[PDB]
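What follows is each chain in one-letter form.
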Protein chains: 2
Amino acid sequence: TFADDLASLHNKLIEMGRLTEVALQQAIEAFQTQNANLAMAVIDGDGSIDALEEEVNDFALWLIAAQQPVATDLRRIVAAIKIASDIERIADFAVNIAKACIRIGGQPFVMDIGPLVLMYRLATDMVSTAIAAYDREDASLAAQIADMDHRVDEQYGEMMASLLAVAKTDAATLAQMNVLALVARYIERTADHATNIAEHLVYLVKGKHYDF
Amino acid sequence: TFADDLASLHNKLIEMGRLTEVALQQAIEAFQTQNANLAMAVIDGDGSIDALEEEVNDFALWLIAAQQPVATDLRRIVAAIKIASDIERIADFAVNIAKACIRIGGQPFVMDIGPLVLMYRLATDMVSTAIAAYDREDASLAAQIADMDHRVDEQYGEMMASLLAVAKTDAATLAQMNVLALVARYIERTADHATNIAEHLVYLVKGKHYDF
């Protein structure tokens, strides 16, 4: 049943990702469309993934202590725990982009949220990619994720641009730009995690390190 | 000898941090002073930490499979592996800030690297803090690390500022600003990891989650 166990542990994770995927999808839509009811769907339904992560640690720790995994299987059980956390953190930033969507209520953005939306989706994809890479166990999608990162960078600068330029300085509108800035950061944390997941996937496989 | 084992596993990590600490210290000095010989000290002496991380996984995985850790001890052996990786990644960004220091040779910065230096040190401290928090196992230093983050944020904007403003557009000088931008990102990845380490330390202890 062993081989089967590692197959489910594998699906437990891929599962966390399927959900974090969704949560991410809505978190952004919720924010861009300014949908409070949606932002909440995101919050209320998150502790659920914290649940899966525990499951994934209990299960893995068990194997590591019961079925006595051999080197190779042991690395894939370990990376399984490191990746689960990254999926968890990402999911958490989602919950936060959702709280920020609320922070600002419904008084239409002080500027265009277009580049920010694309910066989010860019990162989101980095996740899908990284998780897909984990699923298939493809250690080469990584270097490709590297580029979506340069894109998240140039996308970011192009954020501070349309932001710290626009003059119309006022308490309410500033408290507004901040939330936008906060969101820009959670998108970069979400990206760095996809990258983190890519690192594991790559070390597990190539024993080498994630490229630029 | 068990209790003793967990004490050394604990010191293995605190050890990785003592070194990553240094590496970080020099990486920045090297860059700000533009010291190639130093940037190299950083590169050449890094595979050494990748070494410690392996040690920390082999050792922990062993306990988890040999001395049969009980719940509490088991969480502290697990977080021990998650944190080791974060220390590893941070150390790696160091190696990269060091490669970027070289990327630009010695033709004095197109602008003032003061705010960037402070943004680096700010993150660096977040690390020391997070690692110190791990050592003592103080789950409250976290919320304090949270603030050094808001500071890393406001410090960042104040980066794009003196950057995308300065007009003097030219191939060499641009290829120059980019490296600076790249460095700004590795500093933010280093911060998000300190934050990551803080998360573990907090979940392990409070079972709850790392604050804003």
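Residues numbered from 1 in each chain as written, not as in the entry; some residues may be left out. Chains lettered and ligands numbered in written order. Heavy atoms only, no water.

- In the PDB archive, X-ray crystallography is given as the structure determination method for this entry, at a resolution of 2.50 Å.

- For chain A, the name recorded in the PDB entry is phosphate uptake regulator, with Geobacillus stearothermophilus as its organism.
- Each PDB entry has a title, and for this one the record gives "The crystal structure of PhoU (phosphate uptake regulator), Structural genomics".

**Describing the environment of B:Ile131**
Residue and element names in this part refer to chain B.
Step number 1: Mapping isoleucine 131 onto the fold places it in helix α5 (residues 114-137).
Step number 2: For the pair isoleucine 131 and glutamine 25, spaced 106 residues apart in the sequence, the C-alpha separation amounts to 15 Å.
Step number 3: Not counting residues within four places of it along the chain, the set of residues in contact with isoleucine 131 comprises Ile14, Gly17 and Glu21. (Helix = DSSP H or I, 4+ residues; strand = E, 2+ residues; numbered from the N terminus. Contact = heavy atoms within 4.5 Å.)

**Regarding helix α7 (residues 171-206) of chain B**
Residue and element names in this part refer to chain B.
Step number 1: Here α7 spans 52 Å end to end across 36 residues, near enough to the 52 Å set by a 1.5 Å rise per residue.
Step number 2: Most of α7 sits inside the fold, with 26 of its 36 residues counted as buried.
Step number 3: Looking one or two residues past α7, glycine 207 carries a phi angle of roughly 60°, positive in sign. (Expected span 1.5 Å × (residues − 1). Buried < 20%, exposed > 50% of the residue type's maximum accessible area, 1.4 Å probe, protein only.)

**Section: the pattern of salt bridges**
Step number 1: Within the structure shown, the criterion is met by 26 salt bridges over all chains.
Step number 2: Between A:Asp92 and A:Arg89 there is a salt bridge; the shortest N-O distance is 3.4 Å. Separated by 3 residues within a single helix, A:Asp92 and A:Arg89 lie in helix α4 (residues 71-103), roughly one turn from each other.
Step number 3: Residue classification places A:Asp92 among the buried residues on the basis of a relative accessible area of 13%.
Step number 4: Its relative accessible area of 6% is what places A:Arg89 among the buried residues.
Step number 5: Of the charged contacts in the structure, one is a salt bridge between A:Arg89 and B:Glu199, with a shortest N-O distance of 3.7 Å. On the criterion of chain membership, the pair formed by A:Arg89 in helix α4 and B:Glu199 in helix α7 is interchain, its members lying in two chains. (Salt bridge = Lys/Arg side-chain N within 4 Å of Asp/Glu carboxyl O.)

**Let's talk about the packing of helix α2 (residues 36-44) of chain B against helix α4 (residues 71-103) of chain B**
Residues and elements named next belong to chain B.
Step number 1: The N-to-C vectors of α2 and α4 enclose an angle of 150°; their axes lie 9 Å apart at closest approach. In this view, α2 runs roughly antiparallel relative to α4, as classed from their interaxial angle. Crossing of α2 against α4: the hand is left-handed. Taking contact as the criterion, the partners of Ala36, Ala39, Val42 and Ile43 in α2 are, on α4, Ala94, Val95, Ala98, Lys99, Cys101 and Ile102.
Step number 2: In the contact of α2 with α4, the residues fall into 9 nonpolar, no polar and 1 charged. (Axes fitted to C-alpha atoms, helices over the stretch in contact; angles between N-to-C directions. Parallel < 35°, antiparallel > 145°, perpendicular 65-115°, else oblique. Left-handed = near helix turned anticlockwise from the far one by under 90°. Nonpolar A, V, L, I, M, F, W, Y, C, P; charged D, E, K, R; others polar.)

**So, the environment of A:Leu24**
Residue and element names in this part refer to chain A.
Step number 1: Relative to the assigned elements, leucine 24 resides in helix α1 (residues 2-33).
Step number 2: Taking C-alpha positions, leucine 24 is 7.0 Å from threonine 124, a pair spaced 100 residues apart along the chain.
Step number 3: Setting aside residues no more than four positions away along its own chain, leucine 24 makes contact with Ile90, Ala94, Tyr120, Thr124, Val127 and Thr190.

**A look at unusual backbone geometry**
Step number 1: With phi around 75°, A:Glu137 is a residue other than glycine that occupies positive phi space.
Step number 2: The class of A:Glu137 is partly exposed, set by a relative accessible area of 33%.

**Re the interface of chain A and chain B**
Interfaces are often described in size by the accessible area the parts lose on coming together.
Step number 1: Contact with chain A, which involves 36 residues of that partner, is made by 36 residues of chain B.
Step number 2: For the pair chain A and chain B, the summed buried surface comes to about 2800 Å²; carbon and sulfur atoms form 49% of the total.
Step number 3: The tally of links between chain A and chain B comes to 14 salt bridges.
Step number 4: The salt bridge involving A:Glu53 is made with B:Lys82; its shortest N-O contact spans 3.1 Å.
Step number 5: Our enumeration of links across chain A and chain B arrives at 10 residue pairs in polar contact.
Step number 6: Elements with a contribution of two residues or more to the side of chain A that touches chain B: α3 (47-65), α4, α6 (141-164) and α7 (171-206) of chain A.
Step number 7: Tallying contributions element by element places α7(A) first for the side of chain A that touches chain B, with 10 residues.
Step number 8: For the side of chain A that touches chain B, a count of residues per class yields 14 nonpolar, 8 polar and 14 charged. (Buried area = accessible area lost by both parts, 1.4 Å probe. Polar contact = N/O pair within 3.5 Å; in protein donor to acceptor, adjacent residues only side chain to side chain.)

**Remarks on the side chain of B:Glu199**
Step number 1: Taking relative accessible area as the criterion, B:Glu199 reaches 4% and is therefore assigned buried.
Step number 2: Polar contacts involving the side chain of B:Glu199 include one to the main-chain amide nitrogen of B:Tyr210, which spans 2.4 Å.

**Side note on the relation of the copies chain A and chain B**
Step number 1: Take chain A, turn it by 180°, move it 0.0 Å along the axis, and it overlays chain B with an RMSD of 0.0 Å. Look at the turn and shift together and you get a two-fold axis relating the two. Across chain A, the rotation axis passes nearest the C-alpha of A:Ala65, at a separation of 2.1 Å.
Step number 2: Interface residue correspondence from chain A to chain B reaches 100%, placing this contact among same-surface, isologous pairings. (Least-squares fit on C-alpha atoms.)

**Some remarks on the packing of aromatic side chains**
Step number 1: Inspection of the entire model under this criterion finds 7 aromatic pairs over all chains.
Step number 2: For the ring pair A:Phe31 and A:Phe109, a centre distance of 5.4 Å and an interplane angle of 25° mean the geometry is stacked. Separated by 78 residues along the polypeptide, A:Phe31 in helix α1 and A:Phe109 in the loop between α4 and α5 (114-136) bring together distant segments of the chain. Grouping residues by exposure puts A:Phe31 and A:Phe109 together as buried.
Step number 3: The ring centre of B:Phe59 lies 5.5 Å from the NZ or CZ of B:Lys12, which sits over that ring.
Step number 4: Cation over ring: B:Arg189 sits above B:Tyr186, and NZ or CZ is 4.5 Å from the ring centre. (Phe/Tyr/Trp six-rings, centres within 6.5 Å; stacked < 30°, edge-to-face > 60°. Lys NZ or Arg CZ within 6 Å of the ring centre and 35° of its normal.)

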